[PDB]
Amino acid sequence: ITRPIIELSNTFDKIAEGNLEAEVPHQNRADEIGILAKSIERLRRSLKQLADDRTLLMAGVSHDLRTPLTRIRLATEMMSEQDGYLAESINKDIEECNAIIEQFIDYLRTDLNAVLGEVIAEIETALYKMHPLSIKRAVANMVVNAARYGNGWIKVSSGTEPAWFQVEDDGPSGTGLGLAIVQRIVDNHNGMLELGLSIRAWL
């Protein structure tokens, strides 16, 4: 029973790396290996369902917050003119709420030239197994950072060497969360992140 144990080890290895689509072998036997295998299958199913519903909690929070925060937004429109700065302040705070929630959910969510071309629609372009939405979000966050701290230009470029896609700005939580999102996205595709402010991503 050495080989089945080794295969189960392989199963644990695959599950540990995020592969919840992998078949669990040796489920059809009445010995200890069978029991273990069945347990592994149950865990795999649970982990997959949980993986799918990961966003659901924060999305629920946003949903429940959507009604009262909107009523507050409405209340600021029937305020006096003397309290304009107050209404503006409140609105900015609500906007901050939105930014935080959306960014955290974006984190929990975690052809090149095609999607790179898609995100585009001042931006300068020098173009040459994936998750299109993930890459899209990554480029979005990179551009957001480059705009947030780079005063003016933003250069998005491609190329090849063996996949290389890079955003470069002209500049001298929040931002680190976005960078963490980019990092997670590029780590999902077995890639590498490269700073130099220039952000290059390999695939």
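Residue indices: 1-based, along the sequence shown.
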{"property": "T110-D111 interval: deposited residues absent from the model", "result": "4 to 9"}
{"property": "Sequence continuity check, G196 and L197 (deposited residues unmodelled)", "result": "4 to 9"}
{"property": "Between the two ranges 184-192 and 17-25, the one averaging a larger CA B factor in the entry", "result": "184-192"}
{"property": "Mean C-alpha B-factor comparison - 112-120 and 87-95, higher one", "result": "112-120"}
{"property": "Selection from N145, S173, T55, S62 [criterion: highest C-alpha temperature factor in the record]", "result": "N145"}
{"property": "Which of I101, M79, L74, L127 ranks first by CA B-factor in the deposited coordinates", "result": "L127"}
{"property": "Chain third (lowest, middle, highest) by recorded CA B-factor, residue given as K38", "result": "middle"}
{"property": "CA B-factor ranking of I1, expressed as a third of its chain", "result": "middle"}
{"property": "Entry-reported Cα temperature factor of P68, expressed as the chain third it lands in", "result": "lowest"}
{"property": "Third of the chain's Cα B-factor distribution that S157 belongs to, per the entry", "result": "highest"}
{"property": "Position of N141 among the chain's modelled residues by C-alpha B-factor, lowest, middle or highest third", "result": "middle"}
